[PDB]
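Let me begin by presenting the structure, written as structure tokens, before commenting on it.
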Amino acid sequence: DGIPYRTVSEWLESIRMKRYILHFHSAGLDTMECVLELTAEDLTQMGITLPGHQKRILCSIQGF
């Protein structure tokens, strides 16, 4: 598996981005497996638009 978090929630808590939990559920991103291919364009369309926040989420994913 190799993903260091069990749930999108626990993952988001870890990077202090749990404010965006509802955004992930809205986009039907409910398991960790779903988040692996996110780009900045996908985050934008999720309504996660701030660069800093994108960087935070995307680096975390590369870091898995």
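Determine which member of the set 20, 5 is outside any helix (DSSP H, G or I) and at negative phi.
Numbers: 20 fails: outside any helix (DSSP H, G or I).
Step by step, each of 20, 5 is checked, and only 5 is outside any helix (DSSP H, G or I) and at negative phi.
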**Request:** Would you be able to tell me the number of residues in region 12-64 that are exposed (fewer than 15 other Cβ atoms within 10 Å of the Cβ), of a type in the set (S, T, N, Q) and touching a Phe, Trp or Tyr at 6+ places or on another chain (Cβ under 8 Å)?
**Result:** 1
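Within region 32-64, can you find the residues that are in a loop (DSSP other than H, G, I, E, B), out of contact with any helix residue (DSSP H, G or I) (no Cβ under 7 Å at 6 or more places or on another chain) and under 24 Å from residue 1 (Cα atoms)?
If we filter region 32-64 for residues that are in a loop (DSSP other than H, G, I, E, B), which is where we start, we get 38-39, 46-50, 63-64.
From the residues that got through so far, the ones that are out of contact with any helix residue (DSSP H, G or I) (no Cβ under 7 Å at 6 or more places or on another chain) too are 39, 49-50, 63-64.
39, 63, 64 - these are the residues of region 32-64 that are in a loop (DSSP other than H, G, I, E, B), out of contact with any helix residue (DSSP H, G or I) (no Cβ under 7 Å at 6 or more places or on another chain) and under 24 Å from residue 1 (Cα atoms).
Here Cβ is always computed from backbone atoms with ideal geometry, including for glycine, and neighbour counts include all displayed protein chains. Read-outs: derived from the displayed coordinates by stated rules, not from any lab.
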